[PDB]
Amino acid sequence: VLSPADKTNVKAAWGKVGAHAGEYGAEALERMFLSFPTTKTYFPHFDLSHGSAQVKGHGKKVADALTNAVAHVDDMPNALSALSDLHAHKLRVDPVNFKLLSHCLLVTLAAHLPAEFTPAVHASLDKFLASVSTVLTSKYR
């Protein structure tokens, strides 16, 4: 469960991310593909080379969804319902992979938010990403 402080922390952090969200999304995916190669099995036909347009286009998609969840932090199961249907009925990515992307999103935020990535903000962001993941895999079975 996200506390009043968690919500204040992630809104502050993501707000600082502002217009770079799409870019950070792409960087998190590139970090994930490099650190955990098995995740590439879900993007067999993508151009995964550095700076490729597909990965940038996909980082945007991931970032917009996260931005939407932050905007509706008090109603995420509903705000992410459509995306959650897609994950459970089509993408069907194994649950373990959400922790990998989450970790990589944390690393990316850490590398771009020196001032705001405090231990408290880090705890909040980690809970937030775990919560988004939980929703996205809540209809698997």
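So that the term is clear: the rigid core is the largest set of C-alpha atoms that superpose within 1.5 Å between two forms. When you see a residue number, it is the position in the sequence shown, counting from 1.
In summary, of the stretches 43-51 and 84-92, 84-92 shows the greater Cα distance from the shown form in 6 other deposited structures of this protein, with structures fitted on the rigid core. With each structure aligned by its rigid core, the stretch whose Cα atoms sit farther from this model in 6 other deposited structures of this protein, between 75-83 and 24-32, is 75-83.
Per-stretch averaging of Cα B factors for 51-59 and 94-102 places 51-59 on top.
Of the two segments examined, 115-123 and 10-18, it is 10-18 that shows the higher average Cα temperature factor in the deposited entry.
Out of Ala82, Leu109, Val70, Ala26, it is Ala82 whose C-alpha atom has the highest B-factor in the PDB entry.
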